[PDB]
Structures are given as structure tokens and as C-alpha cells.
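> here is my input, please return the structure:
(4 chains, ligands or ions: 9)
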Amino acid sequence: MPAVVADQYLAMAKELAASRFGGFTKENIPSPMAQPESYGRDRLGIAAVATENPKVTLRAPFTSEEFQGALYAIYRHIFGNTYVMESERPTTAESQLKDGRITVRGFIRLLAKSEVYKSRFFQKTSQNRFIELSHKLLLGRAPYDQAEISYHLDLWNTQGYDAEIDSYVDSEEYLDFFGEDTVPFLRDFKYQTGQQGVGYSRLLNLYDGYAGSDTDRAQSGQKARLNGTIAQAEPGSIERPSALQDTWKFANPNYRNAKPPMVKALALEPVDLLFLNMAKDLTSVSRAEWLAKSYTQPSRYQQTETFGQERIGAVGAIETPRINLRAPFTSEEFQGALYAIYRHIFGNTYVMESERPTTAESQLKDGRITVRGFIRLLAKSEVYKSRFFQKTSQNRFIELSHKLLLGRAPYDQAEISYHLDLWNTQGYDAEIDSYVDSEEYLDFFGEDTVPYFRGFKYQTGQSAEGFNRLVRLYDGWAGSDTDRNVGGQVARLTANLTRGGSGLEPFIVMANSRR
Amino acid sequence: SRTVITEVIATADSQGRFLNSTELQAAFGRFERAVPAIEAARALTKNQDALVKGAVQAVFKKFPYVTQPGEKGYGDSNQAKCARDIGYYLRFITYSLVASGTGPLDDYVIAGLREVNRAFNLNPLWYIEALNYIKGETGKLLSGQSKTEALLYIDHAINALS
Amino acid sequence: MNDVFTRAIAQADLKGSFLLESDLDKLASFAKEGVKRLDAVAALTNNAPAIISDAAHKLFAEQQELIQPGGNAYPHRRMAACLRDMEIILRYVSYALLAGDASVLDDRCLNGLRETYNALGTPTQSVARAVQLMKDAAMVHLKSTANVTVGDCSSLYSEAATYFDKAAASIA
Amino acid sequence: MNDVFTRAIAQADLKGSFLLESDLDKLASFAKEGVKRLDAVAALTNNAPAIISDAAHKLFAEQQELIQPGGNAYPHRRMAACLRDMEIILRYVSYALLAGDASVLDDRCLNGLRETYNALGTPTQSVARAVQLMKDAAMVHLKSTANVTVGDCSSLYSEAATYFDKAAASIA
Ligand SMILES: CCC1=C(C)/C(=C/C2=NC(=C\c3[nH]c(/C=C4\NC(=O)[C@H](C)[C@H]4CC)c(C)c3CCC(=O)O)/C(CCC(=O)O)=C2C)NC1=O
Ligand SMILES: CCC1=C(C)/C(=C/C2=NC(=C\c3[nH]c(/C=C4\NC(=O)[C@H](C)[C@H]4CC)c(C)c3CCC(=O)O)/C(CCC(=O)O)=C2C)NC1=O
Ligand SMILES: CCC1=C(C)/C(=C/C2=NC(=C\c3[nH]c(/C=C4\NC(=O)[C@H](C)[C@H]4CC)c(C)c3CCC(=O)O)/C(CCC(=O)O)=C2C)NC1=O
Ligand SMILES: CCC1=C(C)/C(=C/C2=NC(=C\c3[nH]c(/C=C4\NC(=O)[C@H](C)[C@H]4CC)c(C)c3CCC(=O)O)/C(CCC(=O)O)=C2C)NC1=O
Ligand SMILES: CCC1=C(C)/C(=C/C2=NC(=C\c3[nH]c(/C=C4\NC(=O)[C@H](C)[C@H]4CC)c(C)c3CCC(=O)O)/C(CCC(=O)O)=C2C)NC1=O
Ligand SMILES: CCC1=C(C)/C(=C/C2=NC(=C\c3[nH]c(/C=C4\NC(=O)[C@H](C)[C@H]4CC)c(C)c3CCC(=O)O)/C(CCC(=O)O)=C2C)NC1=O
Ligand SMILES: CCC1=C(C)/C(=C/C2=NC(=C\c3[nH]c(/C=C4\NC(=O)[C@H](C)[C@H]4CC)c(C)c3CCC(=O)O)/C(CCC(=O)O)=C2C)NC1=O
Ligand SMILES: CCC1=C(C)/C(=C/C2=NC(=C\c3[nH]c(/C=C4\NC(=O)[C@H](C)[C@H]4CC)c(C)c3CCC(=O)O)/C(CCC(=O)O)=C2C)NC1=O
Ligand SMILES: CCC1=C(C)/C(=C/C2=NC(=C\c3[nH]c(/C=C4\NC(=O)[C@H](C)[C@H]4CC)c(C)c3CCC(=O)O)/C(CCC(=O)O)=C2C)NC1=O
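Numbers count the residues shown, from 1 in each chain, chains lettered A, B, ... in the order given. Ligands and ions are numbered 1, 2, ... in the order given. For reference, the structure is listed below:
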């Protein structure tokens, strides 16, 4: 199979995938919000004053170019961005600065007390505007609270203008950020320790761009622009100049914002807001806890653990303790074992004190026989014979002996035939010995444990009707196998045993087809 | 389920006799210990979500090899089932604490535990680690005797898993 | 078989839920009032022969037909079985009073008992009458404040009454 | 900036009346729970690095577009700005928790912060999400009963949640 694509495009694809580390993967994708590192400061137009322009510092020893540049920066900051004509330049003040008689801080104080500063920012202004400008130009920030305006207005009214300028320049905040050597700069465009949330917006409101200025020579004049926002404790306006709507227009900060649908989804039937609820459950939250809560939702089958055993009525027959009787046994263990043995081997039939076998109990107490030999004796005893053999058919006797001595129901008709022939040819004792000498008995009860009802659990080799035949044979905890019932002691499983089942299964198969 | 009172009644009934001094003294012990056990269950119920999340995280920290692609610990379904299992264990531990017997655990969790874990290839060591975590935070969550009962039941679960 | 605590746990498991604060409070209250329950159970246990003898005398005074030739308690065997039945029912009622749940009765005492009596021919109205007589005989021993700290135990009397009623209702 | 006491004082002053007996009882109850309040503030202050690291991990796992090339938290500078903002807002939440009043948070932190994030082109919704994650981590740390005397503190938990939610709603 030849080249499916021309080599030029393969080269173009390879070089496009090479210029990116890892090629094209799902994790190294570009961000859909396409913001350069300089996005914010560039769209705001504050790149120069915030990052690009260096901090101008002037110590007492300095050369000519440092001095000239420092004065350029000082005049471009302190005097707004307003042009300061040559007739206004202070020569004695900068002679004092050059000599080292005053620092940059003292020079700033002299400049703010000069009539350039007053004429621009004081004499044609309200005091609110003067305070705004003074904060911007002398502290590098905007007023944070109305308390500052009240404080500065009272300070000017009482002590006059120079004390106000001193409070600006003798403040611990001025000395923290500018000390004595460096020119003030707009400092709220980066987060400092004592900033407040409104400072950024308010300074950005006071800053008119690089080519803007704080001029009194506007046609509207010199007007306060934060006089209302500071009293309401509002933020400031973040509307930047018009020259900047051409910067980084392909950035998408609001990428996570959802576009609304043209019409809202409505559910006419179960109410109107169910699709919104389904949507919120699906999307708003993580899938993990969604699945976890779905897994623990209560089932519609409201079935306890004992459900199913309560239905067939065999909770007790299953939760009875398994009695084992060793050779050295106490009196209470012995009496309890006798009680259990009589409750099981005699089909929950009342046995009277005159019918209890005291010699067999003595033999068991000594150790001459085991639980197994005791059970064999009891099954050969006249109590057992009279209640389960002498007024019954052999079918009833066989099913009942299976139930009482093996704890299970017969599995097929071969058991009936086998045991009937056994009794007929070898008598009743051999028939009992088959049950007690059986491999089943020895596997499950084995010489020391009392028989119990096994067939309420699956037994290997069971015929799936043995469970049902035991449920039929079992009559409940308060049920017995008495021969004193009104009709007699009668067989229960004859038709089921011989037939192998109900005889309705082919029709169940037919029904599970079409209908 | 197999509790103090139910064992008492089962023994009395299996011997076909009333409740005597021994059985009533056992029930009395149950009724006294109910207070620490019930409020340990209360404290365990309150902090169930944190306990389950921490137990899952501990399983993953001890068994980092389950969570990468291709095996049992991978996927939201598997991790959700992990949270569900640890919540099951905690639920039945609190049940056993309230009932003052390992009947809830023995009947709902432990019975069939090994066959089920084998069939679905769930390592018992994961749950052992989760329960050891649960033990660590129940040490600090609970004080005095309540700590003692909650530890007995957590350790019964652990022993059954091991 | 269940006690009150296991009944609550089983109901909470059907919800996949832990036990609520309110349900835990109910269980704590059950436990705190457990000494009274123990005294009631001791009252039933210790006075069992008196309760059964009183009930038997009253039952065979009211219903003379049970002890005539042809009655359901005529020969010694049938009377012995009757007394055993009464003892068993009282024993299980005491089990239920200790447990706090009628579950032991329904799972064991009254499991196949109505069908047992129906197949035997026992008049279940008379069995329920014997159970009511036992309830009357047992209330006087439950309420006896001699030799026990006096307090409010009407709830235990009502609970024991309801267990006796549940037995009688299942029979008849 | 004022606390609960000065809030009550301001409401009393506008009416022009003394503080009522109910108000004085309320403030005294506040003072009596102040010890638990200090515990909660210390829980916030001690575990602040863990809180913010966790909230940052969850925020950038949930919103990967912030940390990939072009994203608003992408270069080290903007990542540092993001983590610093989380620091700051947690700080002011703890301040408000101590004062018993959100006035410090609203006045000094939250007020013009939406405008700042609009001007800078920062996703305000992502900042609100970060405040929420940082809320959940802080709540995990407050409820820690280790090394602190045990007792009910639900009022403090709800109050801190209100402060975190107010921060989130103001930023967004
Ligand atoms: C970032 C670089 C930068 C720029 C570009 C800049 C421009 C600038 N020009 C200004 C004034 C001015 N600009 C002009 C020039 C115009 N009038 C004439 O008719 C001409 C047609 C035209 C010039 C070709 C005039 C006359 C003024 C004075 C306005 C006045 O005094 O009322 C001012 C006000 C400053 C003040 O008066 O205190 C600024 C800030 N400033 C800067 O820092
Ligand atoms: C230099 C030119 C100039 C002036 C004069 C000026 C007025 C001015 N008045 C102010 C407040 C105020 N002004 C007043 C006076 C009024 N309230 C009473 O009802 C009277 C009816 C009435 C006076 C007769 C009051 C009471 C305040 C304080 C209000 C407040 O704190 O909210 C403030 C804010 C500082 C503060 O809170 O104390 C200014 C700046 N601003 C200026 O730039
Ligand atoms: C769950 C525990 C349990 C119970 C409750 C129980 C009751 C019970 N009573 C029985 C017999 C009996 N029960 C009675 C009692 C009745 N006679 C009437 O006169 C009286 C009004 C009434 C008693 C109040 C009698 C007379 C018999 C024997 C019937 C007979 O011999 O023909 C039987 C048949 C067993 C046998 O006959 O040997 C059972 C199963 N057995 C149990 O294992
Ligand atoms: C102790 C009282 C008692 C008796 C007597 C009894 C009879 C009895 N006869 C049986 C079978 C049988 N019975 C007969 C007898 C018939 N053969 C011809 O049809 C003749 C017309 C007729 C005899 C004259 C036959 C042939 C079988 C075998 C049935 C078979 O294998 O399908 C079976 C089934 C088990 C077996 O195969 O041995 C029983 C239970 N059951 C009892 O409980
Ligand atoms: C030799 C042929 C044979 C079979 C197959 C057989 C099955 C059998 N399944 C049983 C119980 C059960 N069987 C199931 C299985 C069902 N429930 C689940 O939800 C599934 C939907 C479904 C299996 C795919 C369950 C859950 C039980 C427990 C019921 C209970 O006791 O509550 C029982 C009752 C005894 C026991 O719990 O072990 C039998 C006898 N018996 C037989 O003699
Ligand atoms: C060995 C078996 C055993 C028993 C029998 C037993 C009973 C028992 N009864 C008690 C007192 C009590 N017993 C009763 C019950 C009585 N109040 C009315 O008079 C009724 C007639 C009757 C109950 C129906 C009451 C009300 C108390 C006081 C405790 C309380 O009110 O909370 C106490 C606590 C002693 C105390 O008051 O500090 C116990 C332990 N505890 C045991 O370990
Ligand atoms: C523009 C320049 C830029 C750099 C350089 C940068 C580094 C960087 N790597 C990170 C993740 C990471 N990077 C590593 C690197 C380690 N992995 C190990 O195999 C190595 C021994 C070692 C690397 C030498 C690790 C462990 C993390 C995860 C840290 C965590 O969030 O727990 C993170 C945390 C943000 C995230 O969750 O992805 C940053 C900020 N980010 C940037 O925007
Ligand atoms: C005292 C109260 C106060 C606060 C809180 C405050 C925050 C603040 N965050 C800023 C920038 C920033 N803030 C963030 C934070 C965002 N990045 C991700 O999207 C996150 C969702 C989110 C943080 C959880 C980022 C990335 C920047 C840099 C954007 C830029 O400089 O262009 C800035 C601009 C100055 C600077 O870059 O340092 C301020 C003033 N300012 C205040 O005066
Ligand atoms: C040096 C700064 C300082 C600290 C650190 C401080 C903690 C502190 N917490 C105390 C009590 C307490 N502390 C708590 C708070 C806890 N309740 C729950 O466990 C919560 C997890 C948690 C708070 C959310 C409670 C409920 C009390 C007891 C009730 C009370 O005295 O108010 C006490 C009184 C003595 C004691 O019982 O331990 C102190 C001194 N107090 C201080 O002045």
C-alpha cells in the first residue's frame, strides 16, 4: 500500500508536531483562554507605570546623567503629567538637592509646597480633588476611606496647607515605600501588604493612561472624580482609554461562562423544572459521589437478611445451636443435650416422664455409648416405633426417618424402594441401622453431634426438590410429627417423590415461550 | 442476630427453660455497656464521610498498583464501589455497636465473605487496610470505653477478613 | 430471632442507612430502662408455677368440658400436654419481654402452632382463654411493688399484655 | 470595620437608646463563646498552608485551562498571584471570624475585588470556586477535635461558612 499522503504534507505535519514538546497530546494543549503573561497590564494600559519604568533612586553622591534623569522622572510624576515650562523649573531647589542639603523626600516636599503644585492641584480644585491627587502623586495610591478625607480636610483647615503636605510626606507609609532616596511611584498596581480591595480600581480611575495628565486646563476644569465613590465606599471605574481596545482581542477570560439556551427546557408531564434538576444532578457534581449514592439507594425488594427463612418458617431450625456431647461432660451440658435430642428425634412430640429412657441415659452418661448409639437406641425404642412406625404406612415412616435421623428429605423414589425392601427382608432394626450407619449421618453428625435439619441449605447431591420436600415435611417450630392428629399419621411426599415433581414443568417451559 | 440478649434467649430456649440469674446478669451487663457503645456509634455515624474517604485514600496509598489502568482500582465505578464497601463495613460496625454483638457483622458481612471475595477477586488486604485506618481515627475520635467497644468490633471485622 | 436493637438495624438496612439520632435515642432509652425490664422478667420467671396453676384452676372451672371423658384434657396425657403448652407460652412471653420484640414469639412460639392445634382438634378458643388467664395471673406479679424499688413501669405492663394478646390472637 | 459589639452599639445609637437587656445578654453570650471562637480562629491560622494547597490542587485539577499555556494562572507570576490571593482572602475570613462581623472582610478585602478581576481579565467565577474549595478545606480543619476540649461549635461552623460564602458571592 503506497504512500497515502504526499511527502510535503507529512513534513509539514511532522514539523508542526515537533515544535511542541510531546507533540500533540491531550494534556499539553494550549489554554482556550489565550492570555499572554502581559495580558492584564497591557489591556489596562498600565504596563509602563507598573512594570516597565524602573524606580528612580538618587543618593547624595551621583553623576550628571542620574541627576538629570531623576529630575525628569520627578517632574513627570509630582506635577501630574502636566507640562512644566522652563520659567517654572525650580533652580534653587535642585541646587539644594544636588548639594545634598535636601534629599529626594525634601525635594518632593518643596515641590508640593510650590505654586506649580498649588496652581495645578489646589487653587482651582475642591479639597476632595486635592486629597485624591495628593494621595496619587505623593503616596502612589488612592484614598481608601472617607476618614482620610475628613482627616486631611480638618488638618488643612486647622493648620494650613504646609502641614497637610507634611502629613503626606512625613507619613510612615511614604517612608516605608519610598524612604528618602527614591521618587514616588504609583504603587497600588501591585499587591503590597496593607492594600485594600478598592485601591486598585480607584487608582486605575485616577490614572488616565500614559498620555493623560492631571491638568487644571481642561474645559470642564479640575474636578474630583472620587468624591462620591469614597463616601459610598464603592470601588472605582475601570474604563480605560480608547486606544486600548486593539490589544489581545482573542483572549477569552469568560471561557467557563455558559451560553443560555434560546428557550428553557420544560417538562409538560412528571414538574416544569424536572429536566433542569436532572441536568444539575448529572453535570454539576462529580460522578464519584453520584455513583456512590446510586449504589446505596434502598432496593425495591425490601428484603431483610432473614427474609426467605421467615417465609419457609425455618429461622429457628437454622439458628439453633449445634449440640455436641463429648465424653467428659457437665450436668448442664448433658441435660441440654438430652433436651435437644428429644426435641429432634421425637419430632417435637411431648414425651412424658414415664416414657423417658433412664437406662439409655445412664449408658450415655457413663460413656458406654455415643450420641450416635443413643440415637440408634431411641429410634429402636417403643416411643419412636409407636409414633412413627406402627400407625403409618412405610412411606410415611421412610420420609419421617429421613427427616428425623438425617435432617433432610428423600431425594428420589429409589430411597423409598430401597428402605421398604430393607425393612421387609431384614426387619426394623436393620432399617434404623442403615440410617445411623450411613455415610451421610457420619459425615454430618458423626458419633457426637445431635442430628439437625440440614436440608434448609443446599446439600451436595440434593435434587432441588429435597429443599421443597423438607419445607413440606417441616411444619414450623411449634409443629410436631404426632400420630394424634385427627386423620392419623399420613404420608406427604408420595406423589411428588414418584412423579419427580409437580408435573407442570413442560407447561412452564411452554409459557416462558410466546405465552 | 447474635447479640447478648439473643444468645441468652437462645441458650435458655435450647435447654427449654426460663431465664435465670446468669442470663439476667448477662443482660444487665449489656444494658450497662449500651451507653458507651451507643454513643461510640453516634460518633462513628457523625464522621462517616471523612472516615470512608480516608479509608479509601489509605487503601490507595498502601496499594498504588490498583489505581493505574487495567485492574481493580481503576475507574470511577470501581472507586465508587470501594467507597460503598467501606461504608458498608462502617455501617455494620455501628450496627454491631448498637446491638452489642457481632451479629450484624457475622450475619451481613462475614457470612459468605471469602467465597464472594474470591469470586470477584477482591483482595481482603484492601479492606484490612481500610479498617486499620478506621481504627486509627476511631482512636482519636473516641475516648474511654467507647473507643474500646469500637475497637473490639473493628478488630472482629479485621480478624474475619484475615 | 431479633431483639429491639436488631429489629431497628434490620429496618435501617432496608434503607441502606445508618441509625438515626432519634432511633439511637430510642435505643438508649430502652437500655436505660432495662433494669425494670429485668425485674419484670424475673417476676414472670420466678412466679411461673403460680401463674400456670392459677390459670389452670380458673380455666377448668370455667370450662368443665375440657376435663370430662371426651374432653381435650381428659386423660393424664392430655392434661400434661396442656400444662406443658401453658408453661411454654409463658416462657416465650418472658423471652419476648426481655428481648423487647415479639419476634421470638412469631419465629418460634407461634410459628406452626395454630395449625398444630387445628390438626389435633384442640379448641383454640380455650387455649386463648388459658393465655388470657395467664395474662391476668401475671399482671398481679408484674405490678407487685414488694421487694423492688418503686417506680413507673406501666409501659412494661402494657408490653407484656400485648405479648400475651399476640399469643392469644395467633392461637384463636 | 467593627465587631459585633460595635454593631450593637451602632444600632442602639441610631435609635438613640441604651442597649436593651436582650442585646446585653446577646453580647455576653458572644463573650462567653469567645473561647471557642478563638479556637476556630487558631484552627484557621495554623492550617492555612494546607488549606490553600488543597484548594489550589482541586481548583487546577478541576479547571485545567488556568494552568496551561495561555491560562490565567499559567506562568509562575500568575500562579503566585493566585496563591497569594487565596492567602489574603483566607486571612480576612479569619479576621471576620474573630470579630464576629464580616465588616472587615467586606470593607477591606472584598469591596473592589470584582472590579480588579474584571480589569485584569481574571475569571471571577474561578476565584469564587477557589474560595469555595478553601471553605471546604477550612471546615475540615475546624471540626478537628484533636488537641481541643470537646463541645458543640455548630454556630461557629455556620458563621465561618457564611463568611466564606459572602466572599465567594462578592468576588463572583
Ligand atoms: C506619553 C507621551 C505624552 C503625550 C503625547 C502628551 C500630550 C499632551 N499634550 C498636552 C497639552 C497640549 N497639546 C497641544 C497641541 C495641539 N494644540 C495645537 O493646536 C496643535 C494643533 C496641536 C499639536 C500639534 C496644546 C496646545 C496643548 C496645551 C493645551 C492647553 O494649554 O490648553 C498635554 C496636557 C499637559 C499640561 O498642559 O499640563 C498632554 C499630556 N503628554 C505625554 O506625556
Ligand atoms: C474646601 C471646599 C470643600 C468643602 C467646604 C467641602 C465640604 C465637606 N463636607 C464634608 C462632610 C460634612 N459636612 C457637613 C455639614 C452639613 N451637614 C449638616 O447637616 C449641615 C446642614 C450642613 C452644614 C451647615 C457634615 C455634618 C458633614 C459630615 C457628614 C458625614 O460624616 O457623613 C466633607 C467630608 C469630610 C467629613 O466627613 O467631615 C467635605 C469634604 N469639601 C470641599 O472640597
Ligand atoms: C413453639 C413451642 C411449642 C408449643 C407452643 C407447642 C405446643 C404443642 N402442644 C401439643 C399437644 C397438646 N396441647 C394441648 C393443650 C390444649 N389442650 C386443651 O385442653 C387446652 C385448652 C389447651 C392448653 C391451654 C393438648 C391437650 C395436647 C395433646 C393433644 C392430645 O394428646 O391428643 C403439641 C403436639 C406435640 C404432642 O402432641 O406431643 C404441640 C407441638 N409445642 C412446642 O414445641
Ligand atoms: C407396608 C405397607 C406398604 C406397602 C405394601 C407398600 C407398597 C409399595 N409398592 C411399591 C412398588 C410396586 N408395587 C407393585 C405391585 C403391583 N405389581 C402389579 O402391578 C400388581 C397388579 C401389583 C401387585 C399384585 C409393583 C410392580 C411395584 C413397582 C412399581 C415401579 O417400579 O414402578 C412401592 C414403591 C417403592 C418400591 O418400588 O418398592 C410401595 C411403597 N407401601 C407401603 O407403605
Ligand atoms: C441441585 C440443583 C439446586 C439448586 C440450583 C439449588 C439452589 C438453592 N438456592 C437457594 C437460596 C438462594 N439462591 C439465591 C440465588 C438467586 N438469588 C440472586 O438474586 C440471583 C438472582 C439468583 C442466582 C443467579 C439466593 C440469593 C439465595 C438465598 C435466599 C435466602 O435464603 O434468602 C437454596 C436454599 C438453601 C441455601 O440458601 O443454600 C437452594 C436450595 N438447589 C438445588 O437443589
Ligand atoms: C440478677 C437479675 C437482676 C435484676 C432482677 C435486676 C433489677 C434492678 N432493679 C433495679 C431498681 C428498679 N427496679 C424497678 C422496677 C419496679 N418498679 C415497680 O415497682 C415495678 C413493680 C417493678 C418493675 C415492673 C425500678 C422502677 C427501679 C428503679 C430504677 C429506675 O427507676 O430507673 C436495679 C438498679 C438499682 C437502683 O435503683 O440503683 C436493678 C439492677 N438487676 C439484675 O442484674
Ligand atoms: C511557566 C513556567 C512554569 C513551570 C516551570 C511550572 C512548574 C509546575 N509544575 C507543577 C506540577 C508538578 N511538577 C512536578 C515535577 C516533579 N515531578 C517529578 O517527577 C520530578 C522529580 C520533578 C520535576 C523535576 C510535580 C511532582 C508536580 C505536582 C505538584 C503537585 O501539585 O502536587 C506545578 C503545579 C501546578 C499543577 O498542578 O500542574 C507547577 C507550577 N509551572 C509553570 O507555569
Ligand atoms: C487586600 C485585598 C486584595 C486582593 C485579594 C487583591 C488581589 C489582586 N490580584 C491581582 C492579580 C492576580 N490575581 C490572580 C488570581 C486568579 N488567578 C486564577 O484565576 C484564580 C481563579 C484566581 C486566584 C484564586 C492572578 C492570576 C493575577 C495576575 C493577573 C495579572 O497580573 O495580569 C492583583 C493585581 C496586582 C498584582 O498582580 O499583584 C490584585 C490587586 N488585591 C487586594 O487589594
Ligand atoms: C491562647 C489563645 C486561646 C486558645 C487556643 C484557647 C483555647 C481554649 N478552649 C477552651 C475550652 C473549649 N474550647 C472549645 C472549642 C472546641 N469545641 C469543639 O471541639 C471545636 C472543634 C472546637 C472549636 C470549634 C469548647 C467547646 C470548649 C469548652 C466550653 C467553653 O469553655 O467555652 C479553653 C478553656 C479551658 C479548657 O477547657 O480547655 C481554652 C483556654 N483559648 C485562648 O484564649
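
> number of residues surrounding residue 80?
Because you didn't say which chain, this covers chain A. Using other Cβ atoms under 10 Å in any protein chain shown, residue A:80 has 22 neighbouring residues. Any C-beta I mention is one placed from the backbone N, CA and C, and that applies to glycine too.

> wrong chain, I was asking about chain B
21.

> for it, give its distance to residue C:80.
62 Å (Cβ to Cβ, to the nearest Å).

> residue A:41 is in contact with residue A:47, isn't it?
Yes - between residue A:41 and residue A:47 there is a contact under Cβ atoms under 8 Å: 4.6 Å.

> now residue A:431: closest residue in space that isn't a chain neighbour?
Spatially, and ignoring its direct neighbours in sequence, residue A:431 is nearest to residue A:423 (4.4 Å; Cβ to Cβ, 6 or more residues apart in numbering or on different chains).

> please report how far the one you found lies from ligand 3.
Distance, residue A:423 to ligand 3, using Cβ to the nearest ligand atom, to the nearest Å: 25 Å.

> buried residues in the host helix or strand of that residue?
In the assignment (DSSP states H and E), residue A:423 maps to helix A:413-436. Neighbour-count burial for helix A:413-436 flags A:416, A:419, A:420, A:422, A:423, A:428, A:431, A:432, A:433, A:434, A:435, A:436 (criterion: 16 or more other Cβ atoms under 10 Å in any protein chain shown).

> geometric centre of the chain: which residue is closest?
Picked chain A for this. residue A:289 (5.0 Å; Cα atoms, centre = their mean).

> correction: the question concerned chain B.
residue B:93 (3.1 Å).

> ok, it - contacts?
By Cβ atoms under 8 Å, 6 or more residues apart in numbering or on different chains, residue B:93 lies in contact with B:44, B:105, B:134, B:150, B:153, B:154, B:157.

> which SSE is it in?
Under the criterion of DSSP H and E, residue B:93 resides in helix B:76-99.

> right, and the helix or strand after that helix?
Immediately after helix B:76-99, counting by DSSP H and E, sits helix B:103-104.

> hmm, that following helix touching chain A?
No - with Cβ under 8 Å from any Cβ of the partner chain as the criterion, chain A is not reached by helix B:103-104; the gap is at least 9.1 Å.

> what residues of the next helix or strand along the chain from that helix count as buried?
Per DSSP H and E, the first helix or strand lying C-terminal to helix B:103-104 is helix B:113-119. Residues of helix B:113-119 classed as buried by neighbour count (16+ other Cβ under 10 Å): residue B:113.

> does residue A:205 touch residue A:230 like I think?
No - judged on Cβ under 8 Å, residue A:205 makes no contact with residue A:230 at a distance of 10.7 Å.

> and residue A:501, how far from residue A:509?
Counting by Cβ to Cβ, the gap from residue A:501 to residue A:509 is 13 Å.

> what about the helices in chain C?
Here chain C has its helices, by DSSP state H, at C:4-13, C:21-32, C:34-46, C:48-62, C:76-99, C:103-104, C:113-120, C:124-142, C:154-171.

> out of those, flag the one nearest ligand 8.
For the helices of chain C, the distance to ligand 8 is smallest for helix C:21-32, at 37.9 Å, taking Cβ to the nearest ligand atom.

> in that closest one, which residues are buried?
Buried residues in helix C:21-32 (16+ other Cβ under 10 Å): C:23, C:24, C:27, C:28, C:30, C:31.

> residues in contact with the third one?
Residues touching residue C:27, when contacts are defined by Cβ under 8 Å, 6+ apart, comprise B:34, B:38, B:98, C:4, C:5, C:8, C:19.

> who wins on neighbours among those residues?
Highest neighbour count within the contacts of residue C:27, by other Cβ under 10 Å: residue C:5, with 34 neighbours.

> hmm, that one is touching residue B:97, no?
No - with contact defined as Cβ under 8 Å, residue C:5 does not count as touching residue B:97 (10.0 Å).

> what's stretch C:61-79 in contact with?
So stretch C:61-79 is contacted by A:352, C:59, C:60, C:82, C:121, C:122, C:123, C:126, C:129 (Cβ under 8 Å, 6+ apart).

> let me redo that: stretch B:154-162
Against stretch B:154-162 from outside (Cβ under 8 Å, 6+ apart): B:89, B:92-93, B:96, B:102, B:105, B:109-110, B:113, B:124, B:127-128, B:131-132, B:134-135, B:138.

> again, only this time at 6 Å
If you take Cβ atoms under 6 Å, 6 or more residues apart in numbering or on different chains as the criterion, stretch B:154-162 is touched by B:102, B:105, B:110, B:124, B:127, B:128, B:131, B:134, B:135.

> how about the contacts of residue C:27 in CSV, adding distance to ligand 4?
Shown next, in CSV, are these (distance: Cβ to the nearest ligand atom, whole Å):
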residue, distance to ligand 4
B:34, 57
B:38, 59
B:98, 54
C:4, 49
C:5, 50
C:8, 51
C:19, 56
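
> where does residue A:30 sit: helix, strand or coil?
Recorded secondary structure, residue A:30: coil (DSSP: H, G, I helix; E, B strand; the rest coil).

> run a quick neighbour tally on it.
Neighbour tally, residue A:30, other Cβ under 10 Å: 13.

> let me see the contact set for it.
Contacts of residue A:30 by Cβ under 6 Å, 6+ apart are D:69, D:70.

> just how off-centre is the helix holding residue A:423 within its chain?
Offset of helix A:413-436 from its chain centre (Cα atoms, centre = their mean, to the nearest Å): 67 Å.

> name the residues that touch the next helix or strand along the chain from it?
Next helix or strand after helix A:413-436 toward the C-terminus (DSSP H and E): helix A:439-444. Around helix A:439-444, the neighbours that count as contacts under Cβ under 6 Å, 6+ apart are residue A:406.

> any buried residues in helix A:439-444, and which?
Neighbour-count burial for helix A:439-444 flags A:440, A:441, A:444 (criterion: 16+ other Cβ under 10 Å).

> sorry, back to before: look at residue A:501 and residue A:509 and report which has more neighbours.
Ranked by neighbour count (other Cβ under 10 Å), residue A:501 and residue A:509 place residue A:501 first, with 13 against 9.

> tell me how far the closest residue to that one other than its chain neighbours lies from ligand 5.
Spatial nearest neighbour of residue A:501, excluding adjacent residues (Cβ to Cβ, 6+ apart): residue A:465 at 6.1 Å. Note on residue A:465: its distance to ligand 5, by Cβ to the nearest ligand atom, is 8 Å.

> hmm, back to that, nearest to residue A:345 among the buried residues of helix C:21-32?
Taking Cβ to Cβ as the measure, residue A:345 sits nearest to residue C:30 out of the buried residues of helix C:21-32, at 39.3 Å.
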